[PDB]
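Q: Dumping the structure here so I can ask a few things about it.
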Amino acid sequence: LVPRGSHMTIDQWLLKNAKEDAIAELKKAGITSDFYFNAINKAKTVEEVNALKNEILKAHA
């Protein structure tokens, strides 16, 4: 888990953890694109992170 700073709501913390987990999954699949990682980092909901991640994996499969 990304640990949670005092600066950070639970909601923000869960979103940051989803982003990190998605990027880790992309890396496991051989994606090395910062452009794609940045898109995940700009996402505003966990579902957007999931959808970005899933589409990249599908495109790369």
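Q: Of the residues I40, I31, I56, only one is surrounded by 16 or more Cβ atoms within 10 Å (Cβ to Cβ) and outside any helix (DSSP H, G or I); which? Spell out how you get there, then give the answer.
A: Numbers: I40 fails: outside any helix (DSSP H, G or I); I56 fails: outside any helix (DSSP H, G or I).
Of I40, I31, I56, the one residue that is surrounded by 16 or more Cβ atoms within 10 Å (Cβ to Cβ) and outside any helix (DSSP H, G or I) is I31.
Q: Determine the pairs where a residue that is at negative phi, located within region 1-28, has a partner that is of a type in the set (S, T, Y) and in a helix (DSSP H, G or I) with Cβ atoms under 7 Å apart, the partner being 6 or more residues away or on another chain.
A: Short answer, once both residue conditions are applied: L26/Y36.
Q: Another question about this same structure. Could you tell me whether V2 is in a loop (DSSP other than H, G, I, E, B) and surrounded by 10 or more Cβ atoms within 10 Å (Cβ to Cβ)? Walk me through it before giving the result.
A: On the way: in a loop (DSSP other than H, G, I, E, B): yes; surrounded by 10 or more Cβ atoms within 10 Å (Cβ to Cβ): yes.
Yes: the conditions hold for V2.
Q: Here's a follow-up. Quick one: count up the residues across region 6-28 that are within 11 Å of the chain's Cα centre (by Cα), surrounded by 12 or more Cβ atoms within 10 Å (Cβ to Cβ) and of a type in the set (A, V, I, L, M).
A: Total satisfying the criteria: 6.
Q: Residue by residue through region 43-53, note down the ones that are assigned to a helix (DSSP H, G or I) and either in contact (Cβ under 8 Å) with a residue 12 or more places away in the chain or of a type outside the set (G, A, S) (or both). Spell out how you get there, then give the answer.
A: Initially, region 43-53 is screened for residues assigned to a helix (DSSP H, G or I), giving 46-53.
Result: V46, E47, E48, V49, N50, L52, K53.
Counting neighbours? That spans all protein chains shown, and the Cβs are built from the backbone with ideal geometry, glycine included. Where a number appears in this text, it was derived from the coordinates with a stated rule and is not lab data.
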